[PDB]
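First to last, the sequence lines map onto chains B and A. If you want the authors' numbering, it's the position in the first sequence, counting the first as 1, plus 9. If you want the authors' numbering, it's the position in the second sequence, counting the first as 1, plus 9. Everything on this sheet refers to the single structure shown next.
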Amino acid sequence: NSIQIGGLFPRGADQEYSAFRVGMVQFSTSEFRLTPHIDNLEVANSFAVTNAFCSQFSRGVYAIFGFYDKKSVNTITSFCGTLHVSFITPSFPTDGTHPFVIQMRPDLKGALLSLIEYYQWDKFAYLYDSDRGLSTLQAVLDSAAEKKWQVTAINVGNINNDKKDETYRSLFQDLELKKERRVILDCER
Amino acid sequence: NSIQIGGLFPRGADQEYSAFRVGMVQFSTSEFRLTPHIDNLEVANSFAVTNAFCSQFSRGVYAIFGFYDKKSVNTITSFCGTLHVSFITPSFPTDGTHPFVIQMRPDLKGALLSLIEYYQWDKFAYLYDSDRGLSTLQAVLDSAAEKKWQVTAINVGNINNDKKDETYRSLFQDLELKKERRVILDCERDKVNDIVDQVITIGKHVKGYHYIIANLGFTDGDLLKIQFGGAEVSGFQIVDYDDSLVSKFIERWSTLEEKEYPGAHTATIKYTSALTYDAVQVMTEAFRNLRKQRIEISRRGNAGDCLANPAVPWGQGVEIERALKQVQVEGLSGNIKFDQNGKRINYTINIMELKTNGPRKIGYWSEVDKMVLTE
């Protein structure tokens, strides 16, 4: 019993792939074996992702495990929905109800909003990164209307890294006009 | 000289296509003729857009004119960049620097921020729609930190339309906790009318309220309703009907048969449609500057499958880009110019206010002069 599956790992996902390998070993049985076809492509590039998908599809896979970015996510959700191909991903949850997509990452939106009320915050700064979608940003903004919060949302993402210092100094300069002492960092590791 | 091009029109773009046709006629020359291959697909669906692109690519086109959504935009920008295919679109500008993409719509982000300071706003509500990307939302939020504003951003987009009433009542209920009297409507020509209608119903269109329509089509929507209400309404207009150029266009547009040209028998025109017409002119002047420059780029309908791996970009595409981006003519949307990326430059956006006698230009906005009032 040989079940061929696809593997879309973004270049740099070393520990992710290492964990992917360990899983293959820990969950290997005699009843059937999984045959991973690994494709290391720039997850951000929508075009490349399209090829890697059609390539793994022509190879005749039963399911696909990979990752997507805020840019290529629409490509995956669309193709997998049209071709009825299942796509398992640890990446951020899709903003909606897209069939044929299995998401390993639980929604943090709920846990965050609950924590804010616990500490009883009414005025805080929200530094966000547009990498995982503004799904959580909209969450805090919409709740800011109901719970009546004074949120200071600032996109800390588009900061060019080859001179990113006069930007941070000018960042906490605005976070001092209102003497912001409570900051929420919505970013990657 | 037959130049084949692709046309991706979303189902429902009647006036846009009608304007696309009129452009084909007004800018048709004996030197060369453009052969549009029209494909009507659901622009939102990323998959469909991928097929329509590869289909027009296998047919061997030199350039593609169409539209994209906040969902399919990444597909276009990506493929057009990999296959070196030029893509002209009136849709919202891309959030970044994506090559091989020509954008007819100027950036409103600048004109909006300038208008806010003009009226000297410090606390306002910002009703936005996630359809054209949160590019402008981030703009006002980031500026709210520097200029110190108390913005109340509310996504008026995800509102389910088959019961959208207990939502609006609960919407202006939150806009009453802080007694918000200054609202900015960042929506499409449709979502705006829905809001405007609700505003009149609840009576929040009387003196004391101030609305700002955050789009390039201020006169594109019905204003006769919130015109006599009392509340001041401002917005932006890209199609200056005072230009003899535009005035002449309407003279022929308003007369066209509405049967053959759907939604074309009016004295006005949606900015999206006006950009479509100006798009044709840009593509014409571009392919013309290639003939006079003695540049051979011609090919056949055998570019092959777009999914070809490895994917090899045809060098003739690099020249087609340097052509469109080099174009500089006069159209309905003022002076048309581009930079190395594709974003329009040296343009003018008229600031509009709604008075008793109707809309009236109170000034303009230049990318280099900011806001300038006309006495």
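In this text, a Cβ means the ideal position worked out from N, Cα and C, and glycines have one as well.
CB-CB under 6 Å to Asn350/A, same chain, minus the five flanking residues each way: which ones, in chain order?
-> Stepping through the second sequence from its first residue, residue 350/A is reached at position 341. Correct list, in chain order: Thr106.
According to DSSP, is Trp158/A helix, strand or coil?
-> Here residue 158/A refers to the residue found at position 149 when the second sequence is read from its first residue. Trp158/A falls in the coil class under three-state DSSP.
From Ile97/B to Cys89/B, what distance separates their C-alpha atoms?
-> Counting from one through the first sequence, the residue named residue 97/B turns up at place 88. Counting from one through the first sequence, the residue named residue 89/B turns up at place 80. It is roughly 10 Å from the alpha-carbon of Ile97/B to the alpha-carbon of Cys89/B.
So, is the C-beta of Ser95/A closer than 9 Å to a C-beta in chain B?
-> For the purposes of this step, residue 95/A is taken as residue 86 along the second sequence, with counting starting at 1. Taking 9 Å as the CB threshold, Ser95/A stays off the interface with chain B.
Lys157/B versus chain A: which residues are under 7 Å apart at the beta carbon?
-> Sequence index remark: in the first sequence, residue 157/B carries index 148 (1-based). Those are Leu186, listed as they occur along chain A.
From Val255/A to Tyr26/A, what distance separates their C-alpha atoms?
-> Start at 1 with the first residue of the second sequence, and residue 255/A comes out as number 246. Start at 1 with the first residue of the second sequence, and residue 26/A comes out as number 17. Answer to the nearest angstrom: the Cα atoms are 18 Å apart.
Starting from the C-beta of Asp206/A, find all residues in its chain whose C-beta is less than 8 Å away, skip the five residues before and the five after it, and write them out in chain order.
-> To locate residue 206/A, count along the second sequence from 1; it is residue 197. Counting only Cβ-Cβ distances below 8 Å, and skipping sequence neighbours, we find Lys234.
Would a check of beta-carbon distances place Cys63/B closer than 9 Å to chain A?
-> Looking up residue 63/B in the first sequence gives position 54. So, interface residue.
When the Cβ atoms of the segment 122 to 134 of chain B are set against those of the segment 158 to 165 of chain B, are three or more pairs found closer than 8 Å?
-> Segment contact: the segment 122 to 134 of chain B against the segment 158 to 165 of chain B, three or more CB-CB distances shorter than 8 Å; contact assigned.
Inter-residue Cα distance where the pair is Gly326/A and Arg68/A = Within the second sequence, numbered from 1, the residue matching residue 326/A stands at position 317. Within the second sequence, numbered from 1, the residue matching residue 68/A stands at position 59. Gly326/A and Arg68/A: Cα-Cα distance of roughly 15 Å.
Under three-state DSSP, which class holds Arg30/B?
-> Looking up residue 30/B in the first sequence gives position 21. Three-state result, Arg30/B: helix.
Reduced DSSP secondary structure (H/G/I, E/B, other) of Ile209/A = Against the second sequence, residue 209/A aligns to sequence position 200. When secondary structure is reduced to three states using DSSP, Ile209/A falls in the helix class.
Cα-Cα separation, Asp78/A to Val110/A | By 1-based counting over the second sequence, the position of residue 78/A is 69. By 1-based counting over the second sequence, the position of residue 110/A is 101. Spanning the two alpha carbons is a distance of roughly 14 Å.
Terminal residues of the beta strand (DSSP E) in which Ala72/B lies | Counting from one through the first sequence, the residue named residue 72/B turns up at place 63. It spans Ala72 to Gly75 - the beta strand (DSSP E) in which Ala72/B sits, taken as one unbroken run.
So is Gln207/A in contact with chain B if we call contact Cβ pairs under 9 Å?
-> As a working mapping, residue 207/A is identified with position 198 in the second sequence. No, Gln207/A does not count as interfacial toward chain B.
Whose Cβ in chain C lies nearer than 7 Å to the Cβ of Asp195/B?
-> In the displayed structure, chain C is absent; the protein chains listed are B and A.
Where the segment 149 to 173 of chain A meets chain B: residues whose CB sits under 8 Å from a CB there = For the segment 149 to 173 of chain A, residues whose beta-carbon sits nearer than 8 Å to a beta-carbon of chain B comprise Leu150, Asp151, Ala153, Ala154, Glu155, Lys157, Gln159, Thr161, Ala162, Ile163 and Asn164.
With distances taken Cα to Cα, identify the nearest neighbour of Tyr250/A among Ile14/A, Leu341/A and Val149/A.
-> In the second sequence, residue 250/A corresponds to position 241, counting from 1. The candidate whose alpha carbon is nearest that of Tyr250/A is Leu341/A.
Could you tell me which chain B residues have their CB closer than 7 Å to the CB of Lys80/A, listed as they occur along the chain?
-> For this step, residue 80/A is matched to residue 71 along the second sequence. Taking a Cβ-Cβ cut-off of 7 Å, the neighbours of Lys80/A in chain B comprise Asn83, given in sequence order.
Would you check if the distance between the CB atom of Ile360/A and the CB atom of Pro115/A is smaller than 9 Å?
-> The sequence position of residue 360/A within the second sequence is 351, counting from 1. The sequence position of residue 115/A within the second sequence is 106, counting from 1. Going by C-beta atoms, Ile360/A is not nearer than 9 Å to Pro115/A.
In the DSSP assignment, find the unbroken alpha helix (DSSP H) run with residue 4/A in it and report its ends.
-> The structure shown has nothing for residue 4/A, since chain A only spans 10 to 384.
Considering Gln182/A, what are the terminal residues of the beta strand (DSSP E) in which it resides?
-> In the second sequence, the residue the question calls residue 182/A occupies position 173. Run containing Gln182/A: none in the beta strand (DSSP E); it sits in the alpha helix (DSSP H), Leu180 to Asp183.
How many Å lie between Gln129/B and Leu50/A at the Cα?
-> As a first step, residue 129/B is located in the first sequence; it is residue number 120 there, counting from the start. As a first step, residue 50/A is located in the second sequence; it is residue number 41 there, counting from the start. In a straight line, the C-alpha of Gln129/B is about 49 Å away from that of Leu50/A.
Could you tell me which chain A residues have their CB closer than 9 Å to the CB of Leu143/B, listed as they occur along the chain?
-> The residue given as residue 143/B occupies position 134 in the first sequence. For a Cβ distance threshold of 9 Å, residue set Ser139, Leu143, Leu146 and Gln147 of chain A lies close to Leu143/B, ordered along the chain.
Going along the segment 111 to 140 of chain A in order, which residues come within less than 7 Å of chain B, judged by CB to CB distance?
-> Residues passing the 7 Å Cβ filter: none.
Unbroken beta strand (DSSP E) run spanning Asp174/B, endpoints = Taking the first residue of the first sequence as 1, we reach residue 174/B at position 165. For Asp174/B, no beta strand (DSSP E) encloses it, and the DSSP letter there is neither H nor E.
For the beta strand (DSSP E) containing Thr357/A, list its first residue and its last residue.
-> On the second sequence, residue 357/A is found 348 positions in, with the first residue counted as 1. Per DSSP, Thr357/A is one residue of the beta strand (DSSP E) stretching across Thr357 to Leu363.
Beta-bridge pairing of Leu17/A - partner residues as DSSP gives them = As a working note, residue 17/A is residue 8 in the second sequence. In the DSSP output, where bridge partners are listed per residue, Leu17/A has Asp48/A and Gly75/A.
Roughly how many angstroms lie between the CA atoms of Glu155/A and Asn60/B, to the nearest whole one?
-> In the second sequence, residue 155/A corresponds to position 146, counting from 1. In the first sequence, residue 60/B corresponds to position 51, counting from 1. Their backbone Cα atoms lie some 44 Å apart in a straight line.
Candidates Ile221/A, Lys216/A, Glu185/A and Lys188/A: closest to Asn202/A by CA position | For the purposes of this step, residue 202/A is taken as the residue at position 193 of the second sequence. Comparing Cα positions, the closest option is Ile221/A.
Below 8 Å CB to CB, which residues in the same chain sit around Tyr270/A once its five sequence neighbours on both sides are set aside?
-> Working through the second sequence from its first residue, we reach residue 270/A at position 261. So the qualifying residues of the chain are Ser27, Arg30 and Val31.
Flag this pair as touching only if the segment 140 to 150 of chain A and the segment 117 to 126 of chain A have three or more C-beta atom pairs under 8 Å; answer yes or no.
-> Result yes; three or more Cβ-Cβ pairs closer than 8 Å.
Compare the C-alpha of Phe245/A against each of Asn54/A, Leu122/A, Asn10/A and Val52/A and name the closest.
-> Residue numbering aside, residue 245/A sits at position 236 when the second sequence is read from its first letter. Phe245/A has its Cα closest to that of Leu122/A, out of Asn54/A, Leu122/A, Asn10/A and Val52/A.
Compare the beta carbon distance of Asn10/A and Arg300/A with 9 Å and say whether it is the shorter of the two.
-> Position 1 of the second sequence, counted from the start, is the residue given in the question as residue 10/A. Position 291 of the second sequence, counted from the start, is the residue given in the question as residue 300/A. Yes, the Cβ-Cβ distance between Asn10/A and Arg300/A is below 9 Å.
Please check the pair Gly238/A and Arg198/A, which I expect to be a contact at CB under 8 Å, by giving their CB distance rounded to whole angstroms.
-> Here residue 238/A refers to the residue found at position 229 of the second sequence. Here residue 198/A refers to the residue found at position 189 of the second sequence. Between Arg198/A and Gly238/A the Cβ distance is about 19 Å, and since that is not below 8 Å, they are no contact.
Is it true that the CB of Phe66/A sits closer than 9 Å to the CB of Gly16/A?
-> As a position in the second sequence, residue 16/A is number 7, starting the count at 1. As a position in the second sequence, residue 66/A is number 57, starting the count at 1. No, these two residues do not count as a Cβ contact at 9 Å.
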